[PDB]
């Protein structure tokens, strides 16, 4: 929808000044989302890997697909976000919490690029949802997400900050596999 400003555009590419990063509310991720892992498991995402492989030298289709197989792997098939609550659908069962915002963390990847993770924490003893979750979606300022990676854990926020190999990814539930694929065939 909104035209990604020059900043938003470069930011979406890991290039930005820390002074341009701003807090974001949980509502930026409101909606019902589908994990893309089952799509990969059923070959629905092969075209995307084929394209990334016919452009990446030293990388074969299988090598690329193996990279994303590890990256997308998760048992949380669906996520629901609404009115401050995040709900996780695992095995026909669900868990949720009314998450508290804990600021963000600007990361500097070894590739030189930068990224921002938005941290939330569950402070409800009753709940059985992950204690710490972090959103990352190439957005550094208020703006509704179109899809996102989410890191979840029960050890600590720092702990989630070190994870760089597994990043469960989610797209709007209503999108078909074809639509999800076309979207990935861009950015």
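Residue numbers count along the first chain shown, from 1. Throughout, rigid core stands for the largest set of C-alpha atoms superposing within 1.5 Å between the two forms.
Comparing the two stretches 154 to 162 and 52 to 60 by root mean square C-alpha distance in 6 other deposited structures of this protein, with all structures fitted on the core, the more displaced one is 52 to 60. Fitting each structure in 6 other deposited structures of this protein onto the rigid core and averaging C-alpha distances over structures and residues, 62 to 70 emerges as the more displaced of 62 to 70 and 142 to 150. For the pair 169 to 177 and 13 to 21, the record assigns the higher mean C-alpha temperature factor to 13 to 21. When the C-alpha B-factors of 120 to 128 and 151 to 159 are averaged, 120 to 128 comes out higher. Between the residues 59, 144, 65, 138, the entry's highest C-alpha temperature factor is the one at 59. The entry lists C-alpha B-factors for 133, 40, 26, 55, and the highest of these is at 55. Split the chain's modelled residues into thirds by C-alpha temperature factor. Residue 89 is in the lowest one. In this PDB entry, residue 80 carries a Cα temperature factor that places it within the lowest third of its chain's modelled residues.
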